[PDB]
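Quick heads-up: the structure tokens below are two forms of one chain, split into structure 1 and structure 2.
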Structure 1
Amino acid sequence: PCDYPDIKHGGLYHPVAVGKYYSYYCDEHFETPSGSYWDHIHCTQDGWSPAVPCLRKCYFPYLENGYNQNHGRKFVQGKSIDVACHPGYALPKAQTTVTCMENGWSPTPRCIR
């Protein structure tokens, strides 16, 4: 009922039936819904129970000519943050909000001229 699982951005420590479970890890820049490097993937009713097993983490960069209170802070997929630049510089396309996503920040945070 739950065929082989593939941990996008991770893998298994090492056909299946409901109730069985396998331990899995996340690659360097991802963590688990619990915030850990590892956890169980559980064969359930609606497939594997951690639907999305590994979730990306984003560190907010230092921004040349930016307000940089937030530089270094860590965010997790789905988390956003208010970006602002010094007068003369600006986030592109008049945007003000950047969002941590599977492949990283979107859009990328930078103060342009």
Structure 2
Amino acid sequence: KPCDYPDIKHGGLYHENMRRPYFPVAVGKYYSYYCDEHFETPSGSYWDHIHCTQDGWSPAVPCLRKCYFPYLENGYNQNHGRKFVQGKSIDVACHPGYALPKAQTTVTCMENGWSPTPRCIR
């Protein structure tokens, strides 16, 4: 029984009080878990199963950031409203006469959403 109750950032297990008396738990045992809004399981859902592994809980990063690329008013808008996951870069382009602040071209989906925030300014 190597795996104690899991601490899960941006979510947790279903049925905490029902399930806790059974911990710690054997390698091979798994449990339904959820991610809070704005967050996603690696299977791209609101829930998945977290497994007790010799190397600890798996997936190791159970909840990931869900960033929707915004409509940009004077921008090249191929990516408008498409879903991207935490870690993803996109190279952003404005119509001539408009540009991104600080002359930046790359925005990344991070813990708190897009960084920097992409907007086409005059």
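Please note that residue numbering is based on structure 1, beginning with 1 at the start of its sequence. Shifts are known only where both forms have a C-alpha. Whichever C-alpha set is largest while still superposing within 1.5 Å between the two forms counts as the rigid core.
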- Hinge between rigid parts between structures 1 and 2, from 81, 92, 37, 55, is 55
- Message: Degrees only, no decimals: how far does the smaller rigid part twist against the larger one between structures 1 and 2?
- Response: 17
- Query: Relative to the superposed core, what is the Cα shift for residue 24 between structures 1 and 2, in Å?
  - Reply: 1.8
- For residue 42, what C-alpha shift in Å results between structures 1 and 2 following superposition on the rigid core? 4.4
- Query: Core-aligned, what's the Cα displacement of residue 60 between structures 1 and 2 in Å?
  - Reply: 0.2
- Taking the rigid core as reference, consecutive runs of 3 or more residues that move 2 angstroms or more in Cα between structures 1 and 2: 1-8, 15-23, 33-36, 39-53
